[PDB]
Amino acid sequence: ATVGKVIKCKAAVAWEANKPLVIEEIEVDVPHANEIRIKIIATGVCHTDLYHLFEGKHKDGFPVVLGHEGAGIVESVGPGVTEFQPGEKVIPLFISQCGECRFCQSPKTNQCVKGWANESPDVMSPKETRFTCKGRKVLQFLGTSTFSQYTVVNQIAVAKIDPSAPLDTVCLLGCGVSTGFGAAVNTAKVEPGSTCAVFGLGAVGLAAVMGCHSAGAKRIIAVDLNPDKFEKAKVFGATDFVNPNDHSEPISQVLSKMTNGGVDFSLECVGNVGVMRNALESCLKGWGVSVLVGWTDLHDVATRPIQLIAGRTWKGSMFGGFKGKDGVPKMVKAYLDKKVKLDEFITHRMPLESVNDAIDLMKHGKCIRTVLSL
C-alpha cells in the first residue's frame, strides 16, 4: 500500500518554541537517492529535545518534529540504495558516517564532514525536509525526527541491527545509552582494575557506570545530589555512593580522601561547569583522565593550569565516540547476549499522544527514560 507513494500519518509537531507539541497528520515524501523511509516503532525522550523546545531563539529551527532515540523497520529505499531493503530493523543516528572522509577513516574519532552539524548546526536540522503539514514544511530534528510514525533518513545516518532485536527497548541506543557507555569505554578508555567516579546519575550517568563496569573497573564511585538515584546505580555496577550535600568540603576533597589522592578516570554526566571542574580535580595527578559528557554552553569551564601540568588529561565526546554504523549493531548484540542492560533504564512508557506528559516528567527530573509507542 505505502511503497512508492507519499504517506499520511501522525506526528508530534513543535510549531514554535515554548509551546506544547500538537499531534498532527503529516505527509511523508518518498525516499530520494541514498535515503531510506522507516516506520518507527518506539522512541525515547531526551534532554536535547527539550533544550531545543525551551532554549531556541532560532526561529528557523521551527516548525519541527523532534526525537532522536528511535528504532524501526525499513519500509522502502530510494534510488541507488542497495545497502538496505524493506523489512530490516534499523536505528537512525544523529551524526553521520560517510565512510570516505579524513575523519571517517581515522580510528581516533567518530567525526565526519557530512550531516546537518556541518551543513546547518544553527537550526539543529538539515536544510532539506521530507515532511509537510497543512501546506507548511516541517523540519526534521537532527535528521532523525523520531516523534513521527514514519521518517526518512540518509543512509550514512542509519544502522542496520539484529532481526530479533526488541524495538521498544533498543531504541535508547540512538542516543542516551551509547553516550554514557561509550564515553567510558571509547573516550576515557577505562582499564581493568582501575578506580572511577561518575557525576550525575540520570540515563547518561547510569550508562557511564555500566561502561566503567564493562571495562572492568575495580571501584566505581557514583556521585549525585539526589540519594534516591543510588539503588539503580548499584544495579548498574557502582560500588560506592556519595552525596555532595553530606560533606562541608568540596566534593573533590572528599573523593580525594576516599581514594588517596583521586580516581583514575572520572566522567561528568550533569552538564554543569562547576561539576566539570570538580570532576577533573577529583582525578589523580600523573595519569588521571576526565571526560566531559554532559554539555552546556552558556558558561566557560575552567581550572588552574597546575591541574593539567601535574599530569591530568581533559577530554570530551559526542555519542560516546561511537562510529554509529559499526557501534550500534555491536551494542544491540551485546544486549541480546546479556552483556548490556537496557530495560532497567525505562521507568515510564506512554503513547505518542502523551508526549507533553513525558516532557513534563523529564523537565522535573521525575524519571530516567520514558519510551513512547507510535
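A residue's number is simply how far along the shown sequence it sits, counting from 1.
Select between 312 to 320 and 55 to 63 the stretch whose C-alpha atoms have the higher average B-factor in the entry.
The deposited B-factors put 55 to 63 ahead on the C-alpha mean.
Between 16 to 24 and 358 to 366, name whichever shows the higher mean Cα B factor according to the PDB entry.
Going by the record's values, the stretch with the higher mean is 358 to 366.
Quiz for you: based on the deposited Cα B-factor, which of 264, 168, 240, 119 is highest?
Comparing C-alpha B-factors across 264, 168, 240, 119, the top value belongs to 119.
In this PDB entry, which of 88, 300, 224, 191 has the top CA B-factor?
Highest C-alpha B-factor among the listed options: 300.
Check where residue 305 lands among this chain's C-alpha B-factors and tell me if it's the lowest, middle or highest third.
As the PDB entry reports it, the C-alpha B-factor of residue 305 lands in the highest third of its chain.
Which third, lowest, middle or highest, does the C-alpha temperature factor of residue 47 belong to within its own chain?
Residue 47: CA B-factor falls in the highest third of its chain.
Based on the entry's values, in what third of the chain does the Cα temperature factor of residue 183 lie: lowest, middle or highest?
For residue 183, the deposited C-alpha B-factor lands in the lowest third.
Once the chain's modelled residues are ordered by C-alpha B factor and cut into thirds, is residue 30 in the lowest, middle or highest one?
For residue 30, the deposited C-alpha B-factor lands in the lowest third.
For residue 372, does the deposited CA B-factor place it in the lowest, middle or highest third of the chain?
It falls in the middle third of the chain.
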